[PDB]
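There are 4 protein chains.
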Amino acid sequence: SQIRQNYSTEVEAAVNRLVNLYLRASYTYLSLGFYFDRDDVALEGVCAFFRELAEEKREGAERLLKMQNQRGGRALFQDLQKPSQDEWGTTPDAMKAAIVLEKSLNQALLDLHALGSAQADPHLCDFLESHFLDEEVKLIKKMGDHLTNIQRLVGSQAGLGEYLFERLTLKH
Amino acid sequence: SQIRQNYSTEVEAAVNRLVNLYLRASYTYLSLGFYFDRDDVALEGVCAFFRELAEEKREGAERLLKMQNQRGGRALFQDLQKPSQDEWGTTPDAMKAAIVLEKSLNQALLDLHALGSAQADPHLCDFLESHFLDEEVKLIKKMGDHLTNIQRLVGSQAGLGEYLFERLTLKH
Amino acid sequence: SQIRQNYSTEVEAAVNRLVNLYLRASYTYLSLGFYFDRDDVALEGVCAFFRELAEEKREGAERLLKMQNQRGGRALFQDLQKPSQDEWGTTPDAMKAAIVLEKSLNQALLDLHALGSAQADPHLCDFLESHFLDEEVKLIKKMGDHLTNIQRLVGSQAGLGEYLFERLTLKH
Amino acid sequence: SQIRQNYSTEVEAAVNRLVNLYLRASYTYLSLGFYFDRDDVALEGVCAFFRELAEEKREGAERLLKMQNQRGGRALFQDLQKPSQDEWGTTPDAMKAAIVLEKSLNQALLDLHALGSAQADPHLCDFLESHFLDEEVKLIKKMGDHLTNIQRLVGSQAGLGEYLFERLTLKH
Ligand SMILES: [Pd+2]
Ligand SMILES: [Pd+2]
Ligand SMILES: [Pd+2]
Ligand SMILES: [Pd+2]
Ligand SMILES: [Pd+2]
Ligand SMILES: [Pd+2]
Ligand SMILES: [Pd+2]
Ligand SMILES: [Pd+2]
Ligand SMILES: [Pd+2]
Ligand SMILES: [Pd+2]
Ligand SMILES: [Pd+2]
Ligand SMILES: [Pd+2]
Ligand SMILES: [Pd+2]
Ligand SMILES: [Pd+2]
Ligand SMILES: [Pd+2]
Ligand SMILES: [Pd+2]
Ligand SMILES: [Pd+2]
Ligand SMILES: [Pd+2]
Ligand SMILES: [Pd+2]
Ligand SMILES: [Pd+2]
Ligand SMILES: [Pd+2]
Ligand SMILES: [Pd+2]
Ligand SMILES: [Pd+2]
Ligand SMILES: [Pd+2]
Ligand SMILES: [Pd+2]
Ligand SMILES: [Pd+2]
Ligand SMILES: [Pd+2]
Ligand SMILES: [Pd+2]
Ligand SMILES: [Pd+2]
Ligand SMILES: [Pd+2]
Ligand SMILES: [Pd+2]
Ligand SMILES: [Pd+2]
């Protein structure tokens, strides 16, 4: 009331937690991007890749929040923890951290989906599938591809490999 | 036969009942629209809003019927009950009636979805989600927004509020 | 080294703190925007106003971070505190909170400027002036104008006033 | 007289010295560019990079000279010392020399700025900031980025690294 229908308090809470996770991921990507722009790191294509991901994660959080309002739920925001590292190592280190991060979001989506199914909320299930689950699978595949490529490159002409990957994959 | 597959008689019947509900809702909106065009009511933006909804509900019924034929089911039509009122009061009265009506359609969709799930008809589930459930949530949110706005306006310069809402929200 | 010149550790730290403040302000505006989109609040022009400000504050933080890298400093991120409220009251309440927030950013800029001057960092001084100080003054004037208008409107036909301001100022 | 106002003889002299430094830097870049075009060096992208910088430094000197005339001061030219080397080594050697050179110009700008501040010449301060200090910071960041990239590349497939950097960064 006035609009809320078939929308459990459990799903509402889980949506707010998922928003926090997406915003945390956005923040992590922000840090990753600026790290690669340091004068002693200087890989612009890596910066650009992570900046784009920062945007995508913020967009995901905003989509969740709009959905929360559309269903008559109430957005509740919590502190956003700072990212897990201050310095992110080399390109393969960063790509590995990103995959870990996306898999964690993907698992949260799956957990929310199960909740929605358990709550007989078929509409949430359809909202998650068409707007989040498919994007995560595609993203994780791209990241895995990138990691395989960078790993193949840095074994074992590491500096050269890192430069070529940035120039010929990421700057493309 | 020749085409019907995984399509229960229970789902077929429920689809025919849902068509009747959508057509009844279309009829209700038709009445709502013409009521607002009465010379002693005269709120054209309210008429236009309800006319559009009459169209949307008829389109929903037609989509259901096409789906029924696509699955090899058989459309069966019943009497369409006249709308619940002959006169619809003020704008907030009408908006309230519309929300009640849409929530009832939404609940029928959810009930059909449960049936489809219980009948292991995963394709129906996907047809309902992508084409009906999402539209209902969006519509009900817009209606709730409209009701909040009109309520804020008519407490307590009612005539003035009703005119402004029609001019600046509905005629937009 | 390799590039850092005339860039004190004090200024570097103050820049990182200012980034945190800008990102916190962005988060606050995010919350403000979604609050106004609640079905029981429903003022889209107010949502849009705060969404734009969320974007502007994130852009400010990003400009500071790029500057930090350009000077050879190192970005360090901290936890982002959640916004001061979960519910933001009426339009004038929200506008008041926004002015308080911007004045706080403005004062942080002035404090950083003083630091830069004290550190004989004339280039920072010029970066802050041309890219942050002028924007804050303009923004605060717009906010003050909005607050004066909304205050004039809600004394004392509050609901009506709030609607008109959203329609005729914010939706413009 | 007829126009000179708030323009000290100390600032006038310092401006003439800064012109000499900018023109010397232009000359150094001229030499750097032609060195990379030697048939036994043959890195056209490196030549082009330094040619552009030669142009930028001459433009800076000309801007200073126009400013000197605008303020009613008198341009005085001195001998331009030849560049510090006749042969410039490899790409990282040259990039290092360029950074040393730009940092020296940057420090001269900062020294002139301090003078201007000490002379209560707020207009000079604004001329230097908006037209010279910002450009130097941006330039030095680009140079530092280039040096980090080339260093990463030439450790330790030096010839290969030098070619790739010229083709994929400088020729871009
Ligand atoms: Pd509600
Ligand atoms: Pd960057
Ligand atoms: Pd970048
Ligand atoms: Pd970037
Ligand atoms: Pd939804
Ligand atoms: Pd499901
Ligand atoms: Pd699902
Ligand atoms: Pd490119
Ligand atoms: Pd058949
Ligand atoms: Pd009509
Ligand atoms: Pd009409
Ligand atoms: Pd009409
Ligand atoms: Pd179908
Ligand atoms: Pd299903
Ligand atoms: Pd379904
Ligand atoms: Pd009109
Ligand atoms: Pd450095
Ligand atoms: Pd919104
Ligand atoms: Pd909105
Ligand atoms: Pd909005
Ligand atoms: Pd700067
Ligand atoms: Pd200053
Ligand atoms: Pd300043
Ligand atoms: Pd408009
Ligand atoms: Pd003169
Ligand atoms: Pd050349
Ligand atoms: Pd050349
Ligand atoms: Pd050239
Ligand atoms: Pd001047
Ligand atoms: Pd000054
Ligand atoms: Pd200055
Ligand atoms: Pd080319």
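Chain order of the listed sequences is A, L, H and E.
Position in the first sequence (from 1) plus 1 gives the number in PDB author numbering.
Position in the second sequence (from 1) plus 1 gives the number in PDB author numbering.
Position in the third sequence (from 1) plus 1 gives the number in PDB author numbering.
Position in the fourth sequence (from 1) plus 1 gives the number in PDB author numbering.
All C-beta atoms in this analysis are idealised placements derived from N, C-alpha and C, irrespective of residue type, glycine included.
Those residues having their beta-carbon less than 5 Å away from any non-hydrogen atom of ligand 6 are, in chain order, A:118 and A:126. Distance from the CA of residue 64 of chain H to the CA of residue 41 of chain A, rounded to the nearest whole angstrom, comes to 19 Å. In the DSSP assignment, residue 166 of chain A falls within the alpha helix (DSSP H) that extends over 159-166.
Interface residue (Cβ-Cβ distance to chain H less than 7 Å): residue 49 of chain A is not classified as such. The Cβ of residue 138 of chain E sits closer than 7 Å to at least one Cβ of chain H. For residue 164 of chain H, the residues of chain L that pass the 9 Å Cβ criterion are 150, 153, 154, 162, 165, 166, 169 and 170, in the order they occur in the chain. Shown here for residue 114 of chain A: same chain residues with a beta carbon closer than 7 Å to its own, the five before and five after excluded, namely 126 and 129 in chain order.
Nearest to residue 107 of chain E by alpha-carbon distance, out of E:22, E:3 and E:37, is E:22. Three or more pairs of CB atoms, one per stretch, sit closer than 8 Å, so the region 148-166 of chain L contacts the region 150-165 of chain H. In this structure, DSSP gives residue 81 of chain H an extended state, which the three-state scheme calls strand. With a contact defined as Cβ atoms closer than 8 Å, residue 103 of chain L and residue 144 of chain L qualify at about 6 Å. Around the C-beta of residue 7 of chain L, fewer than 16 other C-beta atoms lie within 10 Å, and the residue is accordingly described as exposed. Take residue 54 of chain H, set aside five residues on each side of it, and the residues of its chain with a beta-carbon closer than 6 Å to its own are 30, in chain order.
The three-state secondary structure of residue 172 of chain E, taken from DSSP, is coil.
Taking a Cβ-Cβ threshold of 7 Å, the residues of chain L close to residue 41 of chain H are 149, in chain order.
Within the region 28-66 of chain H, there are no complete beta strand (DSSP E) runs of at least 3 residues. With contacts defined as CB atoms closer than 7 Å, residue 76 of chain L and residue 86 of chain L fail to qualify as a contacting pair. Looking only at A:18, A:80 and A:71, the smallest Cα-Cα distance to residue 24 of chain H is reached by A:80. Interface criterion not met: the Cβ of residue 100 of chain H is under 7 Å from no Cβ in chain A.
If you measure from each CB to the nearest heavy atom of ligand 2, the residues under 5 Å come out as A:38 and A:48.
In the three-state reduction of the DSSP assignment, residue 23 of chain L falls in the helix class. The region 7-16 of chain E makes no contact with the region 56-63 of chain E: fewer than 3 CB pairs, one atom from each, lie closer than 8 Å.
By the neighbour-count definition (other C-beta atoms within 10 Å, threshold 16), residue 43 of chain L is an exposed residue. Under the Cβ criterion of 7 Å, residue 122 of chain H is not counted among the residues facing chain A.
Residue contact check for residue 145 of chain E against chain A: a CB pair falls below 7 Å.
Across the set L:122, L:71 and L:94, the C-alpha of L:94 shows the shortest separation from the C-alpha of residue 47 of chain L. The three-state secondary structure of residue 71 of chain E, taken from DSSP, is helix. Within the same chain, and ignoring the five residues on either side of residue 118 of chain L in sequence, the residues whose Cβ sits closer than 8 Å to its Cβ are 126. Collapsing the DSSP output to three states places residue 90 of chain E in coil.
Cβ proximity to chain A below 7 Å picks out nothing from the region 2-36 of chain L. Environment of ligand 25, chain-ordered: E:2, E:3, E:4, E:5 and E:73, taking every residue with Cβ within less than 7 Å of a heavy atom. Not one heavy atom of ligand 32 is found less than 6 Å from the C-beta of residue 142 of chain L.
With a beta-carbon spacing of about 19 Å, residue 169 of chain L and residue 153 of chain H fall beyond the 8 Å limit used to define contacts.
Nearest C-alpha to residue 109 of chain H among H:96, H:133 and H:90: H:133.
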